[PDB]
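So you can see what is in the structure, the chains are spelled out below.
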Amino acid sequence: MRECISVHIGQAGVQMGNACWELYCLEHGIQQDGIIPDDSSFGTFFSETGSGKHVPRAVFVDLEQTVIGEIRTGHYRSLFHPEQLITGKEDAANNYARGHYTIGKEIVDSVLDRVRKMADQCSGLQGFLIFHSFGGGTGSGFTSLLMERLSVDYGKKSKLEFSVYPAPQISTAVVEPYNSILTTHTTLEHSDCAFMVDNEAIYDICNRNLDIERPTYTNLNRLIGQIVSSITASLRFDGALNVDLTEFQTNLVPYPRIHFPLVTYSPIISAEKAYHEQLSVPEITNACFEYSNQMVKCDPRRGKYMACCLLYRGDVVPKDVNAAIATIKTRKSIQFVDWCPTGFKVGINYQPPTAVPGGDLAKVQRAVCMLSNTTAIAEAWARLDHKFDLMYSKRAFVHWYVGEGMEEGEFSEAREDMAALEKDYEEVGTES
Amino acid sequence: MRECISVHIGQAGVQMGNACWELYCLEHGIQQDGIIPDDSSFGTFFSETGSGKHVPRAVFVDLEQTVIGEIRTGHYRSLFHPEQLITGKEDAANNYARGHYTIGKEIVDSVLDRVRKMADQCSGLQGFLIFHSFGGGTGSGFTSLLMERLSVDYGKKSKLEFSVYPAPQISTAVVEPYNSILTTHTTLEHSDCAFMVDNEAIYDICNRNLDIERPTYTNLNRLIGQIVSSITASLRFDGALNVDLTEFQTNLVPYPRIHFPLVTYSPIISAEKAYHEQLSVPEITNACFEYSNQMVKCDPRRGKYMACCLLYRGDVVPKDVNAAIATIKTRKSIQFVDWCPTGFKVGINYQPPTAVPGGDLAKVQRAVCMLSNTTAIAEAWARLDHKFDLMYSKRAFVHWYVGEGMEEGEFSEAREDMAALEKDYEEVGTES
Amino acid sequence: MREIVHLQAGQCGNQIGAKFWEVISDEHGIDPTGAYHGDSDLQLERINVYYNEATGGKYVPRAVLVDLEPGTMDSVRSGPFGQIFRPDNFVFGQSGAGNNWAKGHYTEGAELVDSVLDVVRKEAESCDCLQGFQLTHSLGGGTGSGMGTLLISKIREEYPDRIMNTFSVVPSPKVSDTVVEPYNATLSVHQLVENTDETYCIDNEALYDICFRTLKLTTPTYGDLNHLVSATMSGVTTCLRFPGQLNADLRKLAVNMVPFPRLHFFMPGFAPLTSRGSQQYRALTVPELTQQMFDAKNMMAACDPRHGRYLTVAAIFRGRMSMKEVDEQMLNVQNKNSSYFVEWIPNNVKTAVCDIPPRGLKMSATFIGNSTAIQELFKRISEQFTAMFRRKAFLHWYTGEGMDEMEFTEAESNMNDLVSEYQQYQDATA
Amino acid sequence: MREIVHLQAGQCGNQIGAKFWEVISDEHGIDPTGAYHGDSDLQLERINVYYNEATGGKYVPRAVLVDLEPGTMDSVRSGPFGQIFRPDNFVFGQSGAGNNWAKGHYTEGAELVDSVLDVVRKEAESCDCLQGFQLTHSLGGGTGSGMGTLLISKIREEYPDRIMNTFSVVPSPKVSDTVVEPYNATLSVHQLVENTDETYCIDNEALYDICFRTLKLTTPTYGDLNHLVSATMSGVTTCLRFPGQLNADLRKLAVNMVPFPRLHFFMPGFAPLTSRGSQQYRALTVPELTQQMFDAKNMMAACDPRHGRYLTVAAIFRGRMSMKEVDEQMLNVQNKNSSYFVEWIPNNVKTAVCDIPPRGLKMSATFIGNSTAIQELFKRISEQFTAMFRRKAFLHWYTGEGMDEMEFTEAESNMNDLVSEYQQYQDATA
Ligand SMILES: Nc1nc2c(ncn2[C@@H]2O[C@H](COP(=O)(O)OP(=O)(O)OP(=O)(O)O)[C@@H](O)[C@H]2O)c(=O)[nH]1
Ligand SMILES: Nc1nc2c(ncn2[C@@H]2O[C@H](COP(=O)(O)OP(=O)(O)OP(=O)(O)O)[C@@H](O)[C@H]2O)c(=O)[nH]1
Ligand SMILES: Nc1nc2c(ncn2[C@@H]2O[C@H](COP(=O)(O)OP(=O)(O)O)[C@@H](O)[C@H]2O)c(=O)[nH]1
Ligand SMILES: Nc1nc2c(ncn2[C@@H]2O[C@H](COP(=O)(O)OP(=O)(O)O)[C@@H](O)[C@H]2O)c(=O)[nH]1
Ligand SMILES: [Mg+2]
Ligand SMILES: [Mg+2]
C-alpha cells in the first residue's frame, strides 16, 4: 500500500544503494534475485510479478558507466530491471556545470521517464529517497537538476535525500566548495529533508567502536544502509508507534530553509565487545547525544538542538523510552532551543536490525536511530563557505564552470544565498 | 462465413505477406502445407479441399519474378495455389509509370481474374487486404491500377491496405517523392483505410525495445504480421467485444479524404526483460500513446487525435480497459480534437498472440494494437511534399515518367491534390 | 397465458439474452437439453410464459435470436444452453453493420427484417393470450440501434395493443467503445420514444461499479454483468410465472410507472448484492433490502437520482415476507426523502410480492425508477451529438447508406424535447 | 435500545478500540469468530447495545474503524478478534497525515470524512433507540486531532440531541512523542469544548505509573495500557448492558458531572489494581476499593486533584455489594476531604451499582472526576503553544495546508478562557 522510489545518483549513491538493497533483500528473504525461496511486507520497496520475480523500485543513474556496469555483472545482476540502470556517455569530471547543464541535459529526460512509469504503478505515492554525493559532478548537478524537475511533476510529494556531506579535514576533490555550495543553492527550495553523513565521522566510528583499522567504502555503506533501514522500517514492519516519511518533515523542519538534520545510530558495537555490554534502552539512548557517535563530524554541544526523532527497533518497552528521554531532557549540557518545548518524536518497531553476513556490526537485540536538527551544523556551512570564498577571490577554477554552460553570476548568487542561510540559523538560535 | 482476400504487390508486400501467412499457419495448426496434423476457425483465411489441403486466400503479384520465385522454392512452396503467384516479365524499375501504364497493363487483367474466382467462392465477401510499398514501382503504379479496378468491379466492398510509408530520413530510392505522391493521388478515392508503417520507426523499436542491433527485413515483417493478426483476430477467434473490418471505416475515418491512421503494438518486449515487467493492462495501454512506440515516425503530440481503435487480446478484463482508457482521457498532454467527444473504439479477443519459433518477441499474455488517426500525420505529407517540390522544380527525373505513358500534367495535378489534402487536415484540426 | 416472446439484436442482445435464458431455465428446472427435472411443481405450471412444449418433455424457448453477422449466434448455440433454442429462430445475415445506424436500419437490416417477422408472427400466433414482446439490445451499435428499432416499429404497427418492453444497454458517460455512439443513440431514441411502452436503461459503467463496490469482484467479465441484467429481467416477470400475495403484471407496472406517454425510461436496480466474504455480516431481512434499492450506488444506470426527483417507483419483492414490513419500509422512504419524490403524485411507490425467491436466495427485490434525473443522460448524448454534427464528423457513412441530414436534425430536436419535458415536470405545482 | 455506535481514529484509536472490543466480547461471551458461547443469559439480553445480529448467531460490532493509513487497520483485522468487524466499516485513505492537524482536518481528512459518515448513518439508522456515539482517539496526532474533531463536528450537526462521549489520549507533561503536540492539542480542544458532551482525559505517563507502582509490571507494552483504558470504557457503559440496584445511563453521568456546558473534561480511575503477588494481601472489600479511587496515584491523568477541587464525582460499582457501605464510604470521603470538594455543590458524589462484575473479579469500581485541577493540563499546553507560536515554530506545515494564523490565535484564546473558567469556579461563594 505504501511505496518509496529510491533514486541513486553518482558513484556515492550507486555504491550506497548497493549496500541498501543488499540489506533490504536480506530483511525480506529475497535471494539476490527477484526470487523468494519456498516475506510479505516487501510491497513498500519491491514490486511483484507473476513469475515470482521481485523488481526493485529503484533507479540507478550515473553519467559515468563504470560503477553501474559493475552492478550488471555483480551478484545483483538479475535483480534490477535493465532500464532502471541508466548510464551516460562520459562523466561530469567533478564539474557541477557538466552534471547540471551540458551532460545532464541529455539524460535527465530518460531517468524521469522511468520514474513516471514507476510513479503510476504505485497504489499510493508516499515520497522519494535520493542518494547522492555532495562532493560534486553528477551528485551535485544532476541531483539538483533532477530535484527541480520532481518539484514540478510531483509537486507536494515528499522528497527525502541522504547526502555525503564534505568532511572538515578529509577531502577527495579540490573543487568541492564550488559544487557543494552550488547544489545547496538549487536544492533548498526543492528538498523537504536532507540527511547528512561524513566519511571522516563514520571512519572515526568504524575505528573507535568497531575495532577495524581498515575501513573500506563498503563498510561505510553498510553503516549507512542500517540507518536507512531504520528510517523506512516503520513502513516495512509492524510496531507499537509507527512513523511515516511525511512526518519527518513537520517533526524535524521548523522553517522551510532549515531542513538539514544530522544522523546517528547508537548500537555500533563489535561482536567481541558486545558480550561485555548490557545494551539496555537507557544507555543506547544516551549514546546518541555524545559527540563521539555522530555520523556528521559536527559537535552538537557547540549549538542547540531544535528537533529530534528517535526510531527504536526490536524488543523495546515504551516505558523505558519515556524514562530515557526525560532524563536526557534534564541534563543541562544537552541544551534544546527555547521555542521548542516539545523536542522529541518517538517511533517504535518490533523488527530488530538484521546483520548482513560478513558484516562488522554485532547481532544486536534493540537499536535506535536518531535524526537531530541542530544549529551546530551552521558551523559546517561556515567552514564550507570559508573555503569557497578563498578560491573564488582568486577565480581558482571558475573557467571550467563558466565555459560549460554556467555563468559568473551564479557563483555570487549561490554564496550570497548561503550567507543568508547562515544568518537564518543565527536568528533561529536566539530567543528574545 | 467471413472472408478476406489478401493481395500482396511488390517486393514489400510479398515479403510482408510471407511473414503474415507464416503466422496465420501457426495460429491454426497448419503444417507449412495445406495439411493439418491428426484448427476450426481457419475458414476466414484458408479455403478447404477434400484432400485435407488448405489453400490460402491470397494473391502474390509482382512484375519482378525474383521474390515470388523464392516462395515457389521455399518452405511454403506447396501452400499456395500456383496460379495465385503471378509473375511479370520485367520489374517497374522504381518507376510509377511502368507499374501503372506500360507493364501493369499486361498483368492487371490476370490478377483480377484470380480475385474474381476467389470472390465468387466466398460465402460472403467482407473486404480486401492490400500489402504494398509506398516507395514506388509495382507498389505504387500497379497497386493504384489494381485499386481503381476493384472500386468498380466490387464497388462498396471494404478495401483495407497496409503501406510502407517512406521514412523521414532513411530512404532507399531516389525518386520516392514522385511515386509516393502519385499513388496517393490515385488511391485517395479508392481506399477506405490505409495503415502506415515506416522502417525507421520499426528499426527504432527493434533496437530500443528488443535488444537487437541487427534488424533484418524479416524482423520488421514479423512485427507487421502481429499487427495484422490482431486486426483480423476478431474474425478468426472468439471474444467478448468483436470488431469487424467494416467498422474500422466509420470508427477511424471522419472524412472521405482523411483515412490514414497510424499503427502501434504495445507489448514489444524481449524475452529476457519480460521477466522484470508485470505487463498489466493499464501499462501496455499507456505505452501506445508514447512517441517512442509508434510504428510511424510521426510524433502524435505534435497534433491532435481524432479517432482511436484499441484491440485487446488474451486474458483481458474489460473493467481494466474501461479504467485504463478513462485515465488517458484525463491527461492534458494526450489531446483529442474538439469535435470527437467519443474517441475510442474497443475490441477484446480471447486469443493471446502466438510467438513464431525463432522470433524475438516474448511469450506475452495479453496484447493491444492501436489504430490512431491523428492530424500529426499531416506533417509527414508536408515533408514528402517538400521533397517532391524540390525535384519537380528542376524536372529531376521527369523524362523517365513522361516517356513511359504518363504526362507532364499529372505531376501538377498530383501535387495540387496533395496540397488540398494538407489544407484539409488544417480545417479538421481547427474548431470555431 | 400472458405469453412473452423474446427478441434479440446485435452482439449485445445475444450475449445478454443467452444469459437471460440460462437463468430462466435454472429457476424452472429445465436442463440444457430441454428436459424438465425440477423439484417444485409451481415452476412447471406457468412455464408456457417463456417456453413451448414438444414431445418427450423438451421445452423450446419462445426466443428469436437475430444479428447481421453469424459469429455471435454460432457462439451462442455452441455454448452451454445453446442447443435449447429452435434452429429456425436464428435469422442472420452475412455482412454485418459497421456500427452505423443507417446500415442496420435502411440498407442491410431492411432486407433481413422481413424474415424475422415471419418467425415472430409464427411465434406470436402460437400464444393462447399474448401479453407482449421483450427485446434486449444496445443503442450504441449498428444492428441494435438500427435493426432493433426497425423491428420495434414493425411490431408496434402489427400489435398496437400489446406491450413492448425493451432492455437497452445505454452508452456510458465515462468512456465509450464506439466512436459514433452519439449518432446511433440519438437516432435510436428518436424511435423508442414512440414505439415502446417501457425501456430499461442500463450502462456498463454502472454495472462495473456494482461489481467493484458491492460484489468486490476483481475480474468482472461481460458474463458477470449479463447475470445482473438477467436478474432484473427475471424479476419484472415473476408475477406472470409464480404465485404471490400481490401480483404485478407487465402492463401493471407501466400504468404505475408511466405518467405521460413519452416518459417511459426507467433505471433499474437489484438487491441483495453481497460479496462472498460479506454474506455473513448481513441480516438479510426486508428493512436492509429496501435500504440499498434506493441507494444511488446500487442502480444500474449512470444517472444519480439525487440530481432529480422520482415520478414513480416500483418494488417487486420475491420470497415469503411480512407484507407489513414492505408497506412500512416503503412508506419510510417516502417520508425521509420527500424532497426526492415529485409532489403532484401523492404516492410514488408500487409494491408487488412474488412468493418464490430466486435460486439460492431467501429474499430478493427489483427496483424500477422513473426519475427526471434521466434527463442528464439524454442531455449528455445531445451535447456529444451536436458537437460531432456541427461539422459533419461522420455523416458520409450515414448519408451514403440512404439517410438524409434532415433526419439527424429531427432526431436531435425530438431528443431535446424529451429532455425539456422531463425538466418541465420536475417543477412543483404552479 | 440505547445503542452506542463506536468510532475510531488514528493509530491510537484503532489500538485502544481493538482492545476495547476484545474485553467487551469477553464479558458477553462472544467468540473471535462472532459466535456466542456465554454461560449467563443476562449478557445476551442487552447485547444489542454494542453488537448487531446476523444469521447463525454471528454478532457484528457496531464499530467504525478509520485512519488515513491502511497499516494500522491491516494489523487490527489480522490480529485476534480482528475478523469480528464488518469489512465495510474500515474507511481508510492512502496518504497519512504527518502529525499535522491541518492535513487531517482540512485537506486529507476532508476528502475521506464523507465516506465515514455514509457508514455511520447506516449504522446509526439501524438502532432502535440511539443513545449516542463513543469515540476513541489521541489529541497529539494528526488523524485523531484533525479528523476526529472533523467527525465530531459533523455528527453534532447531524445528531444534536444524542450524547457524544470521547475517550481522548492527552499529551503527557514529562516527555512527548510528537514535536508539534501543542499545535495539534490546542486546535483539537478548540473543537471538543463545543461539540462533545463529555471527554475523558488520559495520558500515557499516568498509566505507566499505575503499572509501575500498583501492578508492579516491568515490561509494560502499549497493550497493557489499552486494557486499563478498555476497563474504564467498559465500566461507564455497564448500566446499559447489565441489571443493577441503581443504574447510571451515559446521559445520567453528564448531568451529575457537568455543571456548566464548557466544563466537560474528566479524569477517570479504576479499582482494584493489584499485582499478581499482592493479591493475597488485600481484603478486596468495598471500603478499600473506594479508598484508592480518590487516591491521586490511582488516576489515569497527570493532573493531581490535590491541586484543585472536585466539582463532581461519579462512582460506578460492579458486583453484588452492600449499598449501605457504598453510601457510607462515599459520605466518609466527602467529610475528611471537605477541602477537596467545591462548596457551592452540596453533594458531589454520584453512585451507581451494576450487579455483575468484570470477568475474574468479585468487585470493581470506576471513578470519574470533574476537577478544577485539570486547568493545570490546559495551562501547560498553552505555555508550550505560545512558546512555539511566538516565533512561527512549525506553522508553514499548517498554513500551507489551508489554515490561517488567525485560527491559531482563536484556539489559544479559547483555550485560555477555559482555563480561566475553571479557575473562576474554584473560588468559594462570594
Ligand atoms: N559513503 C560513501 N561515500 C562515497 C562513496 N563513493 C564516493 N563517495 C563520496 O563521494 C565523493 C567523491 O565524489 P563522487 O561521489 O565520486 O562523484 P561522482 O558521483 O562520481 O560524480 P562525478 O565526479 O561526476 O563522477 C567523496 O567525497 C566521497 O566522500 C561510497 O561508496 N560511500
Ligand atoms: N517492411 C518491409 N519493407 C520493405 C520490404 N522490402 C522492401 N520494403 C520497402 O520497399 C521500399 C523499396 O521499394 P520496393 O518495395 O522494393 O519496390 P518493389 O515492390 O520492388 O517494386 P519495383 O521497384 O518496381 O521492383 C523500401 O523503402 C522499403 O522500405 C520488406 O521486406 N519489409
Ligand atoms: N452487457 C453486455 N454488453 C455488451 C456485450 N457486448 C457488447 N455490449 C455493449 O454493446 C455495445 C456494442 O454494440 P453492439 O451490439 O456490439 O453493436 P452491433 O451488434 O453491431 O449492433 C458496447 O457499447 C457494449 O457496451 C455483452 O456481452 N454484454
Ligand atoms: N494507549 C495507546 N496510546 C497510543 C497508541 N499508539 C499511539 N498512542 C498515542 O497516540 C499519540 C500519537 O498520535 P497518533 O494517533 O499516532 O497520530 P495519528 O494517528 O497520525 O493521528 C502518542 O502520543 C501516543 O501516546 C496505543 O497503541 N495505545
Ligand atoms: Mg563518477
Ligand atoms: Mg522489384
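Residues numbered from 1 in each chain as written, not as in the entry; some residues may be left out. Chains lettered and ligands numbered in written order. Part of a larger assembly, values for the part shown. Heavy atoms only, no water.

Method of determination for the deposited model, per the PDB record: cryo-EM, at 3.2 Å resolution.

Undergrad: Before we go on, may I ask you to explain the UniProt feature "binding site: Mg(2+)" in chain C in this structure?
TA: Here the UniProt-annotated "binding site: Mg(2+)" positions come out as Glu-69 of chain C. Within the secondary structure layout, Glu-69 of chain C lies in the loop between β4 (63-67) and α3 (70-78). Not counting residues up to four positions away in its chain, the partners in contact with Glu-69 of chain C are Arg-2, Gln-126 and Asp-244 of chain B together with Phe-92, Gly-93 and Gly-96 of chain C. A polar side-chain atom of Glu-69 of chain C sits 3.4 Å from a polar atom in the side chain of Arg-2 of chain B. (UniProt positions renumbered as here; feature names shortened; annotations may be inferred. Helix = DSSP H or I, 4+ residues; strand = E, 2+ residues; numbered from the N terminus. Contact = heavy atoms within 4.5 Å. Polar contact = N/O pair within 3.5 Å; in protein donor to acceptor, adjacent residues only side chain to side chain.)

Undergrad: Help me out: how do you make sense of the interface of chain A and chain D in this one?
TA: Accessible area lost on assembly of the parts is the figure often given for the size of an interface. Listed per partner, the contact involves 39 residues of chain A and 41 residues of chain D. With both chains or domains summed, chain A and chain D bury close to 3,500 Å², and 53% of this area falls on carbon and sulfur atoms. Remark: the boundary between chain A and chain D carries four salt bridges. Residues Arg-390 of chain D and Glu-431 of chain A are paired through a salt bridge, measuring 3.1 Å at the closest nitrogen-oxygen approach. For the pair chain A and chain D, the interface holds 16 residue pairs in polar contact. Going through the elements one at a time, α10 (247-252), α13 (318-330), β11 (344-348) and α16 (408-428) of chain A are the ones with two or more residues in the side of chain A that touches chain D. (Buried area = accessible area lost by both parts, 1.4 Å probe. Salt bridge = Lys/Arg side-chain N within 4 Å of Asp/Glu carboxyl O.)

Undergrad: Before we go on, may I ask you to explain the sheet that holds strand β11 (residues 349-354) of chain D in this structure?
TA: Strands belonging to one sheet form pairs held by backbone hydrogen bonds; the direction of such a pair is parallel or antiparallel. Residues and elements named next belong to chain D. The 10 strands lie next to each other as β5-β4-β1-β6-β7-β8-β9-β12-β10-β11, forming an open sheet whose pairing is mixed. Both edges of this open sheet fall to β5 (90-92) and β11, since each of them pairs with a single strand only. Averaged over all pairs of adjacent strands, the angle between their axes in this sheet comes to 20°, without regard to strand direction. In terms of strand pairing, strand β1 (residues 3-7) meets strand β4 (residues 63-67) through two bridges, oriented parallel. Considered in β4, the bridge of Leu-7 is made with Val-64. Contacts between helix α5 (residues 110-125) and the sheet are confined to β1, β4, β5 and β6 (130-138), with β4 contributing the most and set at about 175° to the helix. (Pairing = 2+ DSSP bridges. Axes fitted to C-alpha atoms, helices over the stretch in contact; angles between N-to-C directions.)

Undergrad: Is there a simple way to think about the sheet that holds strand β11 (residues 344-348) of chain B in this case?
TA: All names here are of chain B. Read across the open sheet, the four strands follow the order β9-β12-β10-β11; overall the sheet is mixed. Each edge of the open sheet is held by one strand with a lone partner, namely β9 (264-265) and β11. Across five bridges, the pairing between strand β10 (residues 305-314) and β11 is parallel. Residue pairing across strands places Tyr-312 opposite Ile-348, the latter belonging to β11. Together, β9, β10 and β12 (366-374) form the strand contacts of helix α8 (residues 217-231), whose direction differs from that of β10 by roughly 90°.

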